[PDB]
Amino acid sequence: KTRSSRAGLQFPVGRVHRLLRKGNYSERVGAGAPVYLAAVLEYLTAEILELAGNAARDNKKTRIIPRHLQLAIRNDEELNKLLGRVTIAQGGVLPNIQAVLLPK
Amino acid sequence: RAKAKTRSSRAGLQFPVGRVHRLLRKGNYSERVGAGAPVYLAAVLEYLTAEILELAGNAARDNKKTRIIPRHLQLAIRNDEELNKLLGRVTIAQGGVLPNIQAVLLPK
Amino acid sequence: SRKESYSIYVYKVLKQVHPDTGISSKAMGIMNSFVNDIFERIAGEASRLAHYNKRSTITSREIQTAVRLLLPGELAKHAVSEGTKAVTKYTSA
Amino acid sequence: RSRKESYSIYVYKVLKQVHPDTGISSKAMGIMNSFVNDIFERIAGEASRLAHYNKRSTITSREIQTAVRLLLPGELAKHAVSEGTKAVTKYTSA
Amino acid sequence: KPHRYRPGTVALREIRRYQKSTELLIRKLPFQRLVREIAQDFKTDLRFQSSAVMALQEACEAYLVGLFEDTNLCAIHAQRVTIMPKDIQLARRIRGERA
Amino acid sequence: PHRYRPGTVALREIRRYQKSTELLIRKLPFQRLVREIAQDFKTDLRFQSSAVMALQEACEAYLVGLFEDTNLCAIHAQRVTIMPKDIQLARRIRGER
Amino acid sequence: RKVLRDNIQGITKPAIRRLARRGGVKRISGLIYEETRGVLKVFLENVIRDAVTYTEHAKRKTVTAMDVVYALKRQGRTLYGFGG
Amino acid sequence: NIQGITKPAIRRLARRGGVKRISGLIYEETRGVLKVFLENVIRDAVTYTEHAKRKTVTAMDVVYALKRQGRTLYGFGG
DNA sequence: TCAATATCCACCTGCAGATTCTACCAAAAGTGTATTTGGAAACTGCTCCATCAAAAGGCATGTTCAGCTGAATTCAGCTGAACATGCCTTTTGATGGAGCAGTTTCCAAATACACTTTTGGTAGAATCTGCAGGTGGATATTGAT
DNA sequence: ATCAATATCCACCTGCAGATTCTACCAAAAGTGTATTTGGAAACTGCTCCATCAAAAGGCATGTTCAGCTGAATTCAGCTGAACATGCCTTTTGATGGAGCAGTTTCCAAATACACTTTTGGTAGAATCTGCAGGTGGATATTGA
Ligand SMILES: [Cl-]
Ligand SMILES: [Cl-]
Ligand SMILES: [Cl-]
Ligand SMILES: [Cl-]
Ligand SMILES: [Mn+2]
Ligand SMILES: [Mn+2]
Ligand SMILES: [Mn+2]
Ligand SMILES: [Mn+2]
Ligand SMILES: [Mn+2]
Ligand SMILES: [Mn+2]
Ligand SMILES: [Mn+2]
Ligand SMILES: [Mn+2]
Ligand SMILES: [Mn+2]
């Protein structure tokens, strides 16, 4: 009978609501706001896990580590833009060497 | 009943303590707002506008004008290291830029 | 005492997309940071939106406009659909 | 009738204090108003965060002070802190 | 004679002149049409307060001027005095405006 | 009597380091620099070990990001060697200077 | 109402030279003018897009100067002088 | 102490940065930038420490510092 | 080309640091039951925002011409890269003790409410008045010679 | 080193757009009296942070070539600046109609405030595994000759 199952979500609508009310964002919080926000947070999370999972698989591993979250994000145009000013600790960088620097 | 004293005069300030207190309560910054908060914030704000008006008034003087205009505000902000940093990502409409020509571009 | 995080939820979502894939502790920390950051950005923008329009309450409408302003193109479209979908399914049964 | 506030009156009083002989164009006053509103927001915003990270529900002069040290560079901070402190100790002296 | 200033002399006089003033450098009506065109492609039937169009022009010009200063530093850095598209690109790249 | 040509090993290291994620600065020396700088702001401070690690992570990602922009600036000057003037230019355009 | 087309060409070679001058530029390559227009275009679309989004959210048909100011603030391009 | 940040370690950073050839002067220049970077972040962190009346710099203090310096870092509490 | 010196790339293997999977139990999250109050309709004053009309000259557009700047080419120092060689800080681990981030209750001091009463500020409405042009001779500045 | 062609530079005027005072009317600060709540003190408690060795073990600090990159020199072809002739189209003024922003006024959903009831996470252990870190062997990628 939780709000998440009602909205058909895995993310916690109840907590998102409580976090919104106690964060000093507005005097009042509509009932739909935490549902919407929760769904949005869940979707973005699935999107990243999906691509990081693939990055893991392609590395011949079944456990997602930071490197993979970095490879998934930097190799995706939109995720890269959204997290342009964020650093993933222990993520390292994408292999990339300027052409001019190659031998011959 | 009692002599009406503004919080500003009690604080020895030109800036509006009452107004600032209200703006704090109504901006959803926190559940509660202490009595000293609006006094301290009105003073900092007053100190900062005094500092830029001092420098802008002088830029006005140098250009032989008695009226401070936007350009005067720009010259004062950009010629002052700290204000320039504080407002480093701000743009002053009608302010233009500081005269500055890279040396290499001059006739040898 | 108690320190709450999104770990249990990120994990449940992990199983949906990759039933056989796991996740290290450090990577889980990254995901937690991510959820908190995006949560703050959306909430922060929704907060301004309502203030600009002199409204005291944040509704799904402010969350939707905030998502539109914060997420790049395709991500916004999908996010917006995922959200109105959850609100309708919640207002029904 | 529609009516809107601004810090114009106060900016003007302060202007007369530092430059008795100097006026200010309305366009310049507009910029001064954006400035005060902007700094008010940065300080309040940083004060809000500070209080939240410390599970405190009240913004006191102590939050405004730490916000000021975080936001303003060197000398400007020192002087602003001094002025704010002096206004508070005075204000509370009844 | 006829009199002719050497190339670069007038350019320098222009820099001193424009760095000395604050008026908008792009014609007003043309810029307003550009704003209306771009806007119309996002949402039809829009109107604009005149100050909204001016806020945009002030912002675009402060932005282009700031970008040319950086572009200029990229040209000088390549030991040139002439800015080229590749200097603008290098500056935008480092400014984080694009990959 | 075998020697690789200059640049060959340099390229090898780029490939190796762009492939890993371990911290490239020695830990103890770093912790020492951190505590020293911190002592000038407030005396007798303690540091959660994770506090020191976050600082090293942030600091090493920043320097790596900076070296990439520095590199683009050296290449722009048609060089292949980074110099102080390249770091200076990148910091100036970033608005850090 | 008449159709709006090619107005980006309203940003002329001379207007762009002037902007470069204020920016301290002495010599300009012939290809700078088309690059500049493209860059200005991208800058203007992004700001317009955000400004119009604030307009719609308020259910207005008129973009206000404040809509533009909030849009510029969002993009780390704070503008003083037009309210707010 | 800053001399403890060594030539070879700075080389490694440069390599991950995609740099092939390094000038002799880069080492001291790099230390100066690293010092300014550390000074700015630590100063901000300690200000959060002192505000919370603590004598221990926490990862959260560092995370909040980095966040306001526009260097958001993921994985240490935010 | 050849020959050989180090570099990578595999497939396989076994320990072990983490990652999982268990079993509770107090803080949320979900219900029910009354207020409370946004902030949507519903007009509807009355700002401005489109939209000409018309004239005028500031500027955009093209074109000619050739100064001098951006490439291209060509070296010659030397500065960095690649390499052993030698030793010394950094790393790895437990103690072991102690400074000190959390809770634990007090409650006095500071805040958040309700009117109830005063005014400091914000619209227009008159009163000023800096200068934005407009015109001239210094003063330079440039560029030819 | 001297002008001649032009481009500032600095004062001196003078009537307006555009500041600067003027008054009324509130919207909203200021009192007072109460009802709450916040968040400091004084007293512990485990946590987890420094010291302290205590050795090895890479990893760093040094000199020794010398490969090949950067910086310094020319040398043009032709791009891009300066100057001009033309006449287009942005600017500057002035209404005018009417789209559409803001006001006031109601007035239900929809949200907040309050006890209760029930359920879900977070936490301190107990039970396994995904690969890290080696191995040995087999082509690679580099280079010298
Ligand atoms: Cl809602
Ligand atoms: Cl206070
Ligand atoms: Cl180019
Ligand atoms: Cl250099
Ligand atoms: Mn169109
Ligand atoms: Mn109401
Ligand atoms: Mn023509
Ligand atoms: Mn020629
Ligand atoms: Mn040249
Ligand atoms: Mn004049
Ligand atoms: Mn109508
Ligand atoms: Mn459970
Ligand atoms: Mn392996």
Side-chain angles (χ1 to χ4, degrees), chain B residues 8 13-16 19 42-100, chain D residues 4-42 72-73 75-76 79-80 83, chain E residues 16-25 51 54-55 57-59 61-62 65, chain G residues 22 65 69 78-84:
Chain B
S8 289
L13 301 175
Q14 301 305 112
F15 264 52
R19 185 115 115 202
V44 162
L45 295 185
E46 183 179 298
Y47 162 69
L48 291 172
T49 108
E51 181 69 39
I52 99 85
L53 290 170
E54 181 62 7
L55 295 174
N58 294 336
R61 186 86 57 181
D62 301 321
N63 297 73
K64 303 220 181 61
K65 310 271 202 293
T66 72
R67 188 179 296 133
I68 282 164
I69 64 171
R71 152 114 304 202
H72 300 146
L73 292 177
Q74 252 291 265
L75 297 164
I77 304 300
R78 306 303 159 200
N79 278 307
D80 186 68
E81 243 196 297
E82 312 215 320
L83 287 167
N84 185 59
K85 208 323 174 182
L86 177 66
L87 302 170
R89 305 232 74 237
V90 161
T91 139
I92 293 187
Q94 279 300 292
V97 306
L98 293 187
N100 181 63
Chain D
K4 38 233 61 175
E5 305 167 351
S6 94
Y7 291 102
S8 304
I9 272 178
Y10 319 100
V11 170
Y12 203 81
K13 293 176 181 293
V14 174
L15 165 59
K16 307 284 65 173
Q17 290 193 309
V18 304
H19 286 133
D21 58 308
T22 303
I24 185 169
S25 89
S26 66
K27 187 187 264 64
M29 186 54 92
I31 291 170
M32 290 305 302
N33 251 81
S34 285
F35 171 66
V36 177
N37 282 316
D38 181 6
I39 303 307
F40 179 101
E41 214 316 300
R42 306 190 204 179
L72 310 183
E75 285 314 302
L76 238 31
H79 289 172
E83 294 255 275
Chain E
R16 292 181 229 277
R17 171 195 168 172
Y18 291 119
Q19 286 193 343
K20 197 187 306 137
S21 56
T22 74
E23 81 284 20
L24 291 168
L25 303 178
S51 59
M54 296 312 299
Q57 201 173 339
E58 285 284 341
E61 294 204 17
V65 170
Chain G
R22 183 170 287 166
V69 172
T78 299
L79 171 67
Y80 284 1
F82 293 84

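Only this structure's heavy atoms are used, side chains among them; waters, hydrogens and symmetry mates stay out. Numbers restart at 1 for each chain; the letters A, B, ... are given by sequence-line order, proteins then strands.
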Asker: Please answer whether the main-chain N or O of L25(E) pairs with a side-chain N or O of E61(E) as donor and acceptor at a distance below 3.5 Å.
Answerer: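 Yes.
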Asker: Is the count of non-hydrogen atoms from other residues, nucleotides or ligands lying under 6.0 Å from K85(B) atom NZ greater than 12?
Answerer: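 It does not: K85(B) NZ has 12 such atoms or fewer within range.
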Asker: Does the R22(G) side chain pair with the main chain of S21(E), one donor and one acceptor, at a distance under 3.5 Å?
Answerer: yes
Asker: Distance check, rounded to the nearest 0.5 Å: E75(D) atom CD versus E82(B) atom CD?
Answerer: 6.0 Å
Asker: Can you tell me how far the CE atom of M29(D) sits from the CD1 atom of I9(D), to the nearest 0.5 Å?
Answerer: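 It is 9.0 Å, given to the nearest 0.5 Å.
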Asker: Does a side-chain heavy-atom distance below 4.5 Å link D62(B) with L75(B)?
Answerer: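 When only atoms from C-beta onward are counted, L75(B) and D62(B) do not touch, as no gap falls below 4.5 Å.
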Asker: If we ignore hydrogens and angles and just use 3.5 Å, is the side chain of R71(B) paired with the main-chain N or O of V97(B) as donor and acceptor?
Answerer: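 The answer is yes, because a donor-acceptor pair under 3.5 Å joins these two groups.
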Asker: Side chains of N58(B) and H19(D): do they bring a donor and an acceptor to under 3.5 Å?
Answerer: yes
Asker: Between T49(B) and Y10(D), is the side chain to side chain contact (heavy atoms under 4.5 Å, CB included) condition met? List the steps.
Answerer: CA-CA 10 Å; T49(B) 108; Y10(D) 319 100; over 6 Å; no
Asker: Can you find a pair of side-chain heavy atoms, one from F35(D) and one from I92(B), that are under 4.5 Å apart?
Answerer: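 A side-chain contact is absent here, since even the closest heavy-atom pair is not under 4.5 Å.
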Asker: Nearest 0.5 Å please: distance from the CG atom of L53(B) over to the CG atom of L48(B).
Answerer: 11.0 Å
Asker: First locate atom OG of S25(D), then atom CG of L73(B), and finally report the distance between them rounded to the nearest 0.5 Å.
Answerer: 8.0 Å
Asker: Determine yes or no for a side-chain-to-main-chain donor-acceptor pair under 3.5 angstrom, with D80(B) supplying the side chain and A76(B) the backbone.
Answerer: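 Looks like no, no N/O pair under 3.5 Å.
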Asker: For residues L24(E) and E58(E), determine if any side-chain heavy atom of one lies less than 4.5 Å from a side-chain heavy atom of the other.
Answerer: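 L24(E) reaches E58(E) side chain to side chain.
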Asker: Below 4.5 Å, heavy atoms only, C-beta onward: do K65(B) and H72(B) meet side chain to side chain?
Answerer: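 Sidechains of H72(B) and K65(B): in contact.
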Asker: In the structure I gave you, are the side-chain heavy atoms of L83(B) and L76(D) within less than 4.5 Å of one another anywhere?
Answerer: yes
Asker: Angle class for the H79(D)/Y47(B) ring planes (parallel below 30°, perpendicular above 60°, tilted otherwise)?
Answerer: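 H79(D) vs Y47(B) ring planes: perpendicular.
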Asker: Are side-chain heavy atoms of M32(D) and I52(B) found at a separation under 4.5 Å?
Answerer: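 Yes - at least one pair of side-chain heavy atoms lies under 4.5 Å apart.
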Asker: Is there side-chain contact between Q94(B) and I31(D), with heavy atoms separated by less than 4.5 Å?
Answerer: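 Sidechains of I31(D) and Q94(B): no contact.
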Asker: Give, for atom CD1 of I77(B) and atom OH of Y80(G), the distance between the pair rounded to the nearest 0.5 Å.
Answerer: 8.0 Å
Asker: I'd like to check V36(D) versus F15(B) (side-chain heavy atoms, cut-off strictly below 4.5 Å). Are they in contact?
Answerer: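 They are in side-chain contact.
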Asker: Just by distance, do the side chain of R67(B) and the backbone of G23(D) share a donor-acceptor pair under 3.5 Å?
Answerer: no
Asker: Look up atom CD in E81(B) and atom CG in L86(B), then write down how far apart they are to the nearest 0.5 Å.
Answerer: 13.0 Å
